[PDB]
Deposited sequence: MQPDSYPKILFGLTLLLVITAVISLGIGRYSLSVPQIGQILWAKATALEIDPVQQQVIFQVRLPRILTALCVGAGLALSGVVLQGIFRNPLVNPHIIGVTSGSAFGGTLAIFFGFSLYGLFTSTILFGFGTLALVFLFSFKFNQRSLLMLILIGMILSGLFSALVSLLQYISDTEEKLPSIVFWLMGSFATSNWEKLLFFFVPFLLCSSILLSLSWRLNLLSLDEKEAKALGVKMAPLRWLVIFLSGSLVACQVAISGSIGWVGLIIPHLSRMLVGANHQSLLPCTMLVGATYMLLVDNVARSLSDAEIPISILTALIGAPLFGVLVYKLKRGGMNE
C-alpha cells in the first residue's frame, strides 16, 4: 500500500516539474531566469497547482458520491450542484458582476442547490437522484434562457466559454480561494475515510452498528458538493473526471475507502495536470480543458469497461 502511494506521489511531482518544460519561456533540459523565473512563479506554477487540486477535488467528490449511492457509475453531477453552480456563474456573467460576485453567485446557487435537494428530500437514494435530476433540468434551462436573452456580441460568448471551464485564466488569487475549502473538505472526508465503508450497509445492519446513515450521507454530500461548487467558481464546468478516476484507483488499492480516498486524490491530481498541460501543448490556442477531459475520458471509460 505505502509503496503505491509513494509511487503515485512521485509521478505527481515528476509531472509537475516536467510541466515547467512546456510553453513560452519554458525549460528544456534542466533536471530539477530572470524571465523564466517570473513565468514559473507568477504564471505556470499557479496553473499547475490549480489543476492538481481541482483534479484531486473532482476525483474525491466522485469517489465519495459513488460510495453514498453504491454505484460506480455515479459522478459529482448527480446531485445537481454542478448545474446550480453553472447557473450561478452564468447569472453573474449576465448581469456583469465582478470576479468576487461570480464566486459568491456560483457558490450561493451551488450550496442553494444542495439545500434544495435536502429540503425536497424531507418533503431513499433513488429519490435524491431524481430530485437532483429535476434541479439540473431547471438550472440548465435557466442557463439557456439567459444566454438566449443576452447580447450575442459580448455577453453570449462569455457565458458559452465559461461553461466550458479551463485553467487558462488561473492565478494565485483563485488558487488560494479554492485551496481553503479544498483543504478543509478533503481533510474531513479523509478523516471519515473508514466510516465511508459503512455507506454500503443496509438499513437494519446500519442501525444495529450504531451508524447514523442520514447525518453521515448529508455530511458527505455537503462536503462533496462544496468542493465542486468552489471548483466551478474558479474554473468552470469540468466533467469526465470523477467517473473514471475512482475506478482506476480501485484497480490500484482496492475498495476499502480508508486507502481509496488518498489514492484517488493523487491519481486525480496527476491526471488533471496531464490533461491540462496537453490543452496547452496540443495547440497554439488554449482549448478548454472540458473538451479534452471528454475526448480522453470517454474512450478511456470504454477501455476500462471493456476489461471486465
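Sequence ranges 1-5, 38-50, 142-145, 331-337 have no coordinates in this entry (deposited sequence, numbered from 1, C-alpha basis).
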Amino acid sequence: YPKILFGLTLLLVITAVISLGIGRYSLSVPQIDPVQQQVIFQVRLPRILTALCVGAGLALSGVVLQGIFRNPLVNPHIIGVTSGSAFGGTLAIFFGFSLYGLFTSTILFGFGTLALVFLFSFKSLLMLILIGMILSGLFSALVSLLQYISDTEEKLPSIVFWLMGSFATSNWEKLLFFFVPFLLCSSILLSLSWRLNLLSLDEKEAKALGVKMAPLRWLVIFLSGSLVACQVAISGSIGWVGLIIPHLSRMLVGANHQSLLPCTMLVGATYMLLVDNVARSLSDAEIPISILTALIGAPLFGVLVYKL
From here on, numbers count along this sequence of modelled residues.
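Set 137-145 against 70-78 and average the Cα temperature factors; 70-78 ends up higher.
Averaged over their C-alpha atoms, the temperature factors of 42-50 and 57-65 are higher for 42-50. Taking only the listed residues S283, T270, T264, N256, the entry reports the highest CA temperature factor at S283. Among the modelled residues of its chain, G110 has a C-alpha B-factor that falls in the middle third according to the deposited record. Looking at the C-alpha B-factors along this chain, the one for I287 belongs to the highest third. Ranked within its chain, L260 lands in the middle third, by CA B factor from the PDB record.
The entry lists a Cα temperature factor for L99 that places it in the highest third of the chain's modelled residues. In this PDB entry, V241 carries a Cα temperature factor that places it within the lowest third of its chain's modelled residues.
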